[PDB]
Ligand SMILES: Nc1ncnc2c1ncn2[C@@H]1O[C@H](COP(=O)(O)OP(=O)(O)OP(O)(O)=S)[C@@H](O)[C@H]1O
Ligand SMILES: Nc1ncnc2c1ncn2[C@@H]1O[C@H](COP(=O)(O)OP(=O)(O)OP(O)(O)=S)[C@@H](O)[C@H]1O
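Protein chains in written order, with PDB author numbering: chain C, 63 to 230, 233 to 414; chain D, 62 to 228, 232 to 414; chain S, 1 to 8.
In structure tokens:
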């Protein structure tokens with residue numbers, strides 16, 4: 063039979079931690095995509111609507127991770143394109159149509175199986191207009207990209223070179241009214257725009273309020289209050305946002321979340337390094353006293369989960385540089401002190 | 062199938078580099094661990110093995126570009142040195158990010174399976190660090206935009222490269241999740257931003273302490289205290305730094321280190337001139353008294369090892385100009401006075 | 001084909 067939101071969410075939890083609201087949106091969309099296509103031409107409520115998804119969150123939150131993990135369990139075709147390389151009006155870079163062409167490579171040129179596929183885009187913020195007002199001069203990597211996607215998302219015919227071609233004499237028609245699009249990107253600087261709109265203080269006098277330094281505009285609580293009008297001041301056009309009604313607000317990694325990300329997931333960094341030394345005939349250990357200490361260092365970097373290797377590799381630099389030369393080494397232990405740099409990791413010999 | 066060890070490869074780089082013990086350890090661990098991730102053929106329990114790029118930072122002429130060059134000699138896997146000054150945001154006339162890949166295939170003989178396990182090096186990365194406030198007024202084609210494009214290139218993607226530029233209208237897909245990147249560029253002005261974070265005070269008031277020159281920060285030590293948040297003020301994006309967790313800080317040249325550079329390395333400038341006159345049938349000598357004077361003159365120039373030839377060639381100009389015309393000259397001696405310019409270099413007659 | 005000409 064078909065899957066369910068509880069079953070699909072249980073799978074994503076194995077690879078993703080600390081994202082409750084984000085998993086709910088993707089589960090309903092995927093669970094609803096099978097319903098729309100299955101009911102196509104068989105339900106009296108013809109011309110079923112569509113609802114794309116627009117993910118938003120800080121860096122290292124798991125946006126690109128969800129698209130990869132989703133393809134593992136997803137049956138229908140899936141792709142991972144990028145907005146940065148697209149170019150409007152057939153310029154030097156690739157065109158919008160190239161997105162559909164990549165889908166056929168994974169679908170084996172199955173048009174009937176390609177129309178029911180899913181599409182994902184990363185780094186959507188790169189095409190945002192730098193200024194709120196429309197640019198006076200033409201743009202090749204901004205607003206124009208949004209314009210070309212309008213007819214694509216809603217639904218339009220497309221040209222795809224079947225084999226051994228770039229441009230014009234064989235074109236395969238593929239509708240796009242039923243194709244799903246999952247756009248995502250960490251919009252930088254959006255916190256400043258929402259503060260002007262939400263705080264509204266903008267004053268120095270007695271009556272005006274002066275928020276106490278460092279106890280305001282928490283990124284997690286600020287993105288939750290986002291609205292489409294906020295994105296207009298960022299640079300996006302309202303016509304583009306109208307094509308993506310659904311919006312998902314993620315949260316920044318909690319200190320407790322980082323401890324779980326290194327233990328509960330299967331692809332955690334702790335398990336990765338453990339396998340790196342497993343082939344070397346050497347074990348590894350990571351006590352809880354060291355994990356909680358690493359969380360404070362990571363959050364200070366404000367880079368996300370991806371800024372964790374700098375704390376680990378900087379500590380195990382000396383150890384890894386000398387471990388291969390050493391012999392009769394069966395186990396390595398890294399206590400909390402090693403992380404601070406005031407001690408050296410203990411070694412166990414056979 | 063016995064692979065090299067960090068101690069063995071470090072001995073090779075030590076022959077060509079001096080006083081970079083901190084930087085050599087990072088390259089050794091990365092190159093060592095790069096073969097381990099390559100050795101695996103999906104026969105291990107660990108999945109989605111992590112990657113760890115490197116970010117080299119150092120003063121001018123400290124030897125950053127030299128480490129990558131000598132590394133490629135002893136390296137079996139391919140290697141490249143792609144200039145980043147000419148990189149432009151994809152979608153524009155000047156350049157594309159794809160060009161880097163095409164270079165890698167020329168070295169690997171268009172071996173996709175062999176190119177994916179290659180190494181990549183980038184120089185002059187500070188050239189694209191935009192120093193400005195949020196750029197609402199204009200969009201930069203070489204600054205912030207280029208860095209965003211690189212994000213897709215790293216952490217895993219599929220690109221398009223012509224088959225040697227095209228004799232077809234077809235491209236080859238090459239993953240880059242396993243490809244390592246070593247970005248490096250002397251960040252000018254990074255000391256001023258770090259000083260504000262570490263000095264903590266202006267000191268125009270009665271209570272505030274003032275140590276203008278007694279406690280003035282040392283440039284060498286200061287770079288050791290760098291962090292990702294410091295780079296955000298410089299112009300780098302957090303998304304870009306997260307892809308490069310490891311960081312390598314290099315120390316400035318010292319009077320003692322400069323003397324070793326002229327004697328221990330095989331490619332030293334002293335040995336270069338020794339061979340220049342060997343073809344002419346004349347011997348060359350360099351006493352220790354002259355080396356100590358050259359070190360003091362080079363440090364004042366604030367240029368590093370690259371600013372040493374100006375001290376040598378400016379002194380031996382007159383001597384080289386009339387050396388071929390002279391006959392029966394078999395040996396030349398350069399005294400400390402020669403560097404000062406008070407006297408002339410003694411000549412020997414056979 | 002397409003000319004990207006811009007001046008600061
Ligand atoms: N929720 C999470 N649980 C576990 N690991 C995570 C999570 N989010 C991020 N990570 C780690 O961070 C790595 C990168 O995650 P990404 O999805 O690339 O983050 P990101 O926000 O998509 O980065 P962008 O979109 O390019 S700014 C993953 O490979 C994981 O190791
Ligand atoms: N440790 C060293 N030992 C010997 N010669 C060195 C050393 N470091 C630098 N040099 C000399 O400096 C030359 C250039 O070194 P580079 O690697 O270009 O320095 P750099 O830090 O890369 O400067 P940038 O980054 O290109 S501005 C080399 O060809 C050597 O002649």
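Note that the Cβ used here is the ideal one computed from N, Cα and C, for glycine as well.
Per the coordinates, the alpha-carbon of residue 303 of chain D lies some 57 Å from the alpha-carbon of residue 396 of chain D. Here residue 251 of chain D is buried. Its C-beta has 16 or more other C-beta atoms within 10 Å. Closest in alpha carbon position to residue 332 of chain C, among D/109, D/173, D/241, D/408, is D/109. By the neighbour-count criterion, in which 16 or more other beta carbons inside 10 Å mark a residue as buried, residue 224 of chain D falls on the exposed side. Less than 8 Å divides the Cβ of residue 237 of chain C from the Cβ of residue 219 of chain C. At least one beta carbon of chain C lies nearer than 8 Å to the beta carbon of residue 210 of chain D. Look at residue 355 of chain D here: in three-state DSSP terms it is helix.
Under the DSSP assignment, residue 162 of chain C falls in the alpha helix (DSSP H) whose first and last residues are 159 to 169. Distances from the CB of residue 126 of chain C to the heavy atoms of ligand 1 include at least one below 7 Å. Relative to residue 280 of chain D, the option among D/271, D/296, D/255 whose CA is nearest is D/255.
DSSP, read as helix, strand or coil, puts residue 270 of chain D in coil. Counting only unbroken stretches of 4 or more residues, the alpha helix (DSSP H) elements lying wholly within the segment 310 to 348 of chain C are 319 to 325, 333 to 342, in sequence order. For residue 153 of chain C, there is no enclosing alpha helix (DSSP H), since its DSSP letter is neither H nor E. When the Cα atoms are used, residue 169 of chain C and residue 129 of chain D turn out to be separated by approximately 41 Å. A direct Cα-to-Cα measurement between residue 350 of chain D and residue 399 of chain D gives close to 8 Å. Around the beta carbon of residue 384 of chain C, a 10 Å sphere encloses 16 or more other beta carbons of the protein chains shown; the residue is thus reported as buried.
Looking at C/268, C/316, C/261, the one whose alpha-carbon comes closest to that of residue 283 of chain C is C/316. For residue 381 of chain C, a Cβ of chain D is located within less than 8 Å of the residue's own Cβ. A Cβ of chain D is located within less than 8 Å of the beta carbon of residue 377 of chain C. In summary, the residues of the segment 135 to 167 of chain C whose CB is separated from some CB of chain D by less than 7 Å are 144, 146, 147, 149, 153, 154, 155, in the order they occur in the chain. Of C/402, C/324, C/401, C/391, the smallest CA-CA separation from residue 413 of chain C is found for C/391. What residue 385 of chain C touches in chain D, judged by beta-carbon distance under 7 Å, is 67, 86, 89, 90, going in chain order.
Collapsing the DSSP output to three states places residue 281 of chain C in coil. Cα atoms of residue 276 of chain D and residue 364 of chain D: separation of roughly 22 Å, rounded to the nearest angstrom. The beta-bridge partner set that DSSP reports for residue 184 of chain D consists of D/144, D/248. Inclusion of residue 370 of chain D in the 7 Å shell around ligand 2 follows from its C-beta lying nearer than that to a non-hydrogen atom of the ligand.
Residue range 393 to 397 is occupied by the beta strand (DSSP E) that includes residue 397 of chain D. Residues of chain C whose Cβ lies closer than 8 Å to the Cβ of residue 306 of chain D are, in chain order, 121, 122, 367, 368, 370, 371. Non-local beta-carbon contacts of residue 262 of chain C in its own chain, meaning distances under 8 Å to residues more than five positions away in sequence, involve 286, 289 in chain order. Listed in chain order, the non-local C-beta contacts of residue 79 of chain D below 8 Å within the same chain comprise 321, 324, 325, 328, 329, local neighbours out to five positions each way being set aside.
With a threshold of 8 Å between beta carbons, residue 72 of chain C makes no contact with chain D.
When the beta-carbon positions are compared, residue 310 of chain D and residue 116 of chain D come within less than 8 Å of each other. The continuous alpha helix (DSSP H) containing residue 70 of chain D extends over residues 67 to 77. Listed along the chain, the chain D residues whose CB falls inside 9 Å of the CB of residue 261 of chain C amount to none; the nearest CB is some 16 Å away. Residue range 302 to 306 is occupied by the alpha helix (DSSP H) that includes residue 305 of chain C.
In this structure, the alpha-carbon of residue 193 of chain C lies about 59 Å from that of residue 403 of chain D.
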